[PDB]
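Engineer: Sharing a structure with you now.
Protein chains: 2
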Amino acid sequence: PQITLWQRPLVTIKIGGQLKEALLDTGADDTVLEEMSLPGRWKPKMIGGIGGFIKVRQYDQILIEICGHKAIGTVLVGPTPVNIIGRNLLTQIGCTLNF
Amino acid sequence: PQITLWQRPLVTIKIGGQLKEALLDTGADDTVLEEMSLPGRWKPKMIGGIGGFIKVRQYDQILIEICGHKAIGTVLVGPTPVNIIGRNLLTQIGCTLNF
Ligand SMILES: COC(=O)N[C@H](C(=O)N[C@H](Cc1ccc(-c2ccccn2)cc1)C[C@H](O)[C@H](Cc1ccccc1)NC(=O)[C@@H](n1ccn(Cc2cccc(C)n2)c1=O)C(C)(C)C)C(C)(C)C
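The listed protein sequences correspond, in order, to chains A and B. If you use the deposited numbering, the first sequence corresponds to residues 1 to 99, in order. If you use the deposited numbering, the second sequence corresponds to residues 1 to 99, in order.
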């Protein structure tokens with residue numbers, strides 16, 4: 001699909017058999033979901049953008065279905081105010097900036 | 001152009017005749033620039049990021065030339081680590097997400 005930006009680009013994603021909203025964020029290197037439950041082992045990592053850093057848990061090779069497209073990659077989990085799909089998954093579905 | 005995301009989408013922008021580097025950020029409501037001077041009167045504002053919040057100065061009706069495409073609008077100046085082009089400008093150069 002083509003998505004204009006007059007509104008925040010929130011799109012259905014499915015993970016672990018669940019539906020959630022998430023933000024396609026080309027300004028973000030990684031993907032970061034609100035606190036949730038995930039299988040596998042995880043490593044603590046520290047991220048920060050505007051306004052400081054937060055301690056997030058890193059899972060590797062997690063599958064997420066974004067707008068119906070399958071992508072497998074790292075996903076960060078911590079106290080973000082919004083689920084964030086970053087470029088590490090955005091590449092997987094062949095998403096680009098057009099104009 | 002059709003910009004992939006294997007790298008952060010850093011492009012060249014032109015403001016008040018000056019050239020700078022900005023990150024095309026679909027995950028940003030607002031455009032936020034690195035401390036600079038801009039004509040006119042500003043209103044104080046709060047913007048929340050991933051870490052937490054920062055306070056920035058709001059300038060209105062600002063001309064800015066993004067990759068050869070003129071767009072006018074609200075630009076926030078504040079202690080940001082990088083110049084951020086937000087949706088309020090991206091819509092203006094007809095930018096969209098496509099996958
Ligand atoms: C409505 O609130 C907003 O729009 N907030 C905006 C915002 O923060 N938007 C989005 C999150 C978001 C989005 C929505 C909400 C929100 C809030 C309330 C209600 C609803 N939604 C909350 C948070 C995220 C925004 O892209 C920033 C842009 C950005 C890029 C670079 C440096 C600083 C800021 N990305 C990051 O912070 C990412 N980051 C940090 C560094 N790098 C790599 C890097 C390293 C070195 C150098 C460079 C260039 N990059 C990343 O990938 C993180 C670590 C968060 C993954 C902003 C910019 C205006 C504060």
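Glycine included, every Cβ here is placed at the ideal spot set by N, Cα and C.
By Cβ distance, which residues of its chain are closer than 7 angstroms to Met46/B, with the 5 residues on each side in sequence left out?
Structural biologist: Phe53 and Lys55.
Engineer: Which one of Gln61/B, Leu10/B and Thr26/B has the shortest CA to CA distance from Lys20/B?
Structural biologist: For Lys20/B, the nearest C-alpha among the options comes from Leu10/B.
Engineer: From the DSSP output, in three-state form, read off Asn88/B for me.
Structural biologist: Looking at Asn88/B - three-state DSSP - the assignment turns out to be helix.
Engineer: With distance defined between alpha-carbon atoms, name the residue in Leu63/B, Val82/B, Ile93/B and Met36/B nearest to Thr74/B.
Structural biologist: It is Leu63/B.
Engineer: For a contact meaning CB atoms closer than 9 angstroms, what does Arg87/B contact in chain A?
Structural biologist: The contacting residues are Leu5, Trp6, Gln7, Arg8 and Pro9.
Engineer: Given a threshold of 16 other Cβ atoms within 10 Å of its Cβ, counted over all protein chains shown, does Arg41/A qualify as buried or as exposed?
Structural biologist: Counting Cβ neighbours within 10 Å, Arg41/A comes out exposed, since fewer than 16 surround it.
Engineer: Comparing the CB of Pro81/A with every heavy atom of ligand 1, is any distance shorter than 6 angstroms?
Structural biologist: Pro81/A: yes, Cβ under 6 angstroms from ligand 1.
Engineer: Going straight from the alpha carbon of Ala71/B to that of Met36/A, what length do you get?
Structural biologist: The alpha-carbon atoms of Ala71/B and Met36/A are separated by roughly 39 angstroms.
Engineer: Mind checking whether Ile3/B and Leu97/A have CB atoms under 7 angstroms apart?
Structural biologist: A contact, by the Cβ cut-off of 7 angstroms.
Engineer: Would you list the one or two residues that DSSP bridges to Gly78/B?
Structural biologist: In DSSP, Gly78/B forms a bridge with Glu34/B.
Engineer: Where does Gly78/A land, buried or exposed, given buried means 16+ other C-beta within 10 angstroms?
Structural biologist: With 16 or more other Cβ atoms within 10 Å, it is buried.
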